[PDB]
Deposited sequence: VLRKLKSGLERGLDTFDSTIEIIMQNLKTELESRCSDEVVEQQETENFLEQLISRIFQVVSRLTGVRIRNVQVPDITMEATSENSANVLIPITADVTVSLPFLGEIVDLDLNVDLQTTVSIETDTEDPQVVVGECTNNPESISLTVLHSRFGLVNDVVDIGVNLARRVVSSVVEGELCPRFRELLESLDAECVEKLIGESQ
C-alpha cells in the first residue's frame, strides 16, 4: 500500500526535508524580479527525493524546459509549467521492474479584476487532470509485454497523481499568490 506516502502527504513532504521551505522562499524573492526554472527543478527534485524515501517510485533528472504564459483574454492568462523526469519503479524481492519517461504539464490561471486602478489578482484552480500526466515505458528486465510493467506504470501514476494534488499544485498556487498585483498585470500584458 502507499500508506507511508499518504501519511507523508497529509503532514506535508516538507516535514521530511528542511531545504524545501528554503527553496520555496528563494523562488518567492526570485519572482519579485533562466534561473527561476532552475529553482523550480530544485524544488520538484527535493519533493520527489522525499517520495523516493517513502515509495519504490524513484523520480530523478527533473527538468523544466520553458515556463510559458498564454493570454486567454485581455485580463487573464494560463501559466504553463512543463516537467520531465526519469522514473524507476522498484518492488520488494523483484528490485527494478520498469524505467519510464515522465511528462507533467501543470496549468493554472491568473486574472486581474476589471474596472479599477487598484486591481485584485485571483489565481484559479490547479487541476490534476490524468491527461496532464504521461508515462512512457523505456525498459524492463522482465520484458516490455510482462504484467509487472503495467503494475509499475500504474503504481507510478498513483504516486505522481497524489504528489501533484498534495504538493505541486498547491505550491504553484502559493507561488502565484506571492506576486504583487502590478507584476501580474504587466505579465498578462504582452501575453497578447
property	result
Regions left out of the model, expressed as runs of the deposited sequence counted from 1	34-42
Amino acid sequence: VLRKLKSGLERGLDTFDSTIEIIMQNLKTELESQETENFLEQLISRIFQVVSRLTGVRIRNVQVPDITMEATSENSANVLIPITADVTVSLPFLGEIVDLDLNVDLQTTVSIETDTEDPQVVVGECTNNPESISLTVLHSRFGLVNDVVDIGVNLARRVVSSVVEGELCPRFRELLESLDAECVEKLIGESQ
From here on, numbers count along this sequence of modelled residues.
query: 36-44 versus 163-171 - which carries the larger mean C-alpha B factor in the record; finding: 36-44
query: Of 110-118 and 94-102, the one with larger mean CA B-factor; finding: 110-118
query: Which of 155, 62, 54, 31 ranks first by CA B-factor in the deposited coordinates; finding: 31
query: Chain third (lowest, middle, highest) by recorded CA B-factor, residue given as residue 132; finding: middle
query: Third of chain Cα B-factors occupied by residue 69; finding: highest
query: Among modelled residues of the same chain, the CA temperature factor third for residue 81; finding: middle
query: Third of chain Cα B-factors occupied by residue 26; finding: highest
